[PDB]
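Here you get one chain, nothing else, as structure tokens; it is the form solved without 2-phenoxyacetamide (PO6).
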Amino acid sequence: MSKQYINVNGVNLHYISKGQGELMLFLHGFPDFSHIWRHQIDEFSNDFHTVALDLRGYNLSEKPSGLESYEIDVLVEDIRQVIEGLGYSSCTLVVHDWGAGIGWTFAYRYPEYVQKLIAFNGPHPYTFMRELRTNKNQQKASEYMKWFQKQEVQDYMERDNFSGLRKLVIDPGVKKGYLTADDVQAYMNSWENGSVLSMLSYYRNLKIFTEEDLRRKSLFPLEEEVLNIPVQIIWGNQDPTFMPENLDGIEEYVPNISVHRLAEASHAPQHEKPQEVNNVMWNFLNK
């Protein structure tokens, strides 16, 4: 395994790399980083070139200045240039949380770049808007996104050793036994090196806080209403931030889809239940 950088779209992104062959590109979300995919890097690097990006603003990736540097079009072009720049015309794209927000959008816009899509807990462009409009449990669960618009939130997250971030990821992870002391160490270092301003900047371009914005069909603008490539969802049913109903009626938007629901996993199945997750990924990849 190696740690490398690539210059794309006006920024230098740090990434973890292992293996050779076809590209399996992993995109984390908030407030994780490339390390969340460690169990998949290990498992799939004998048959694939496994690459896990630190998204712009995160860990050792560059932290470009201003909200405009974290807009969906910019993030989407990042991914396109990573695939090309690493010498590929297509990949298997594996996404979670904010990375799914971006990855889903990228897939709809650039299906030819995506051989197969594997998505963990996170917003599907169309169904998420539907659940914001209809589901009081989702509305509640997603209230933090409105709060994140506030200039006080950065202090909240950084206060006293990233207390805010520890609440989200470390405390649950330690209780349940899937983060070792070294994992906690890696996460803390990632927050020291990363930028909480950059991490929050993603959220500050979101257009889902207005009665008529909530009326938009998709989280981010899309001309494409159907995604026709093979897709696998791997979903932790206990996720407090995304309700199970995000998956209802998804076939309308993604006709060739397979869904695997984990009854005993929450927001991040990939490192909560890596063994079960990996076998489902193999099954899908080999279908």
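Residue indices: 1-based, along the sequence shown.
Not on display, but discussed next: the form deposited with 2-phenoxyacetamide (PO6) bound.
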**Prompt:** Where, among 105-113, 77-85, 91-99, 193-201, do residues come within 4.5 Å of 2-phenoxyacetamide (PO6) in the bound PDB entry by heavy atom distance?
**Reply:** 91-99
**Asked** Are any of the heavy atoms in residue 215 no more than 4.5 Å from a heavy atom of 2-phenoxyacetamide (PO6) in the bound PDB entry?
**Response** no
**Item:** Contact test in the bound PDB entry: residue 236 vs 2-phenoxyacetamide (PO6), heavy atoms, 4.5 Å
**Value:** no
**Prompt:** So in the bound PDB entry, does residue 219 come within 4.5 Å of 2-phenoxyacetamide (PO6), heavy atom to heavy atom?
**Reply:** yes
**Prompt:** Is residue 142 one of the residues lying within 4.5 Å of 2-phenoxyacetamide (PO6) in the bound PDB entry, judged by heavy atom distances?
**Reply:** yes
**Candidate site 132, 209 and 241: all three near 2-phenoxyacetamide (PO6) in the bound PDB entry by heavy atom within 4.5 Å** = yes
**Asked** Considering 266, 278, 17, 9, which brings a non-hydrogen atom within 4.5 Å of 2-phenoxyacetamide (PO6) in the bound PDB entry?
**Response** 266
**Item:** The unique member of 26, 30, 70, 253 whose heavy atoms fall within 4.5 Å of 2-phenoxyacetamide (PO6) in the bound PDB entry
**Value:** 30
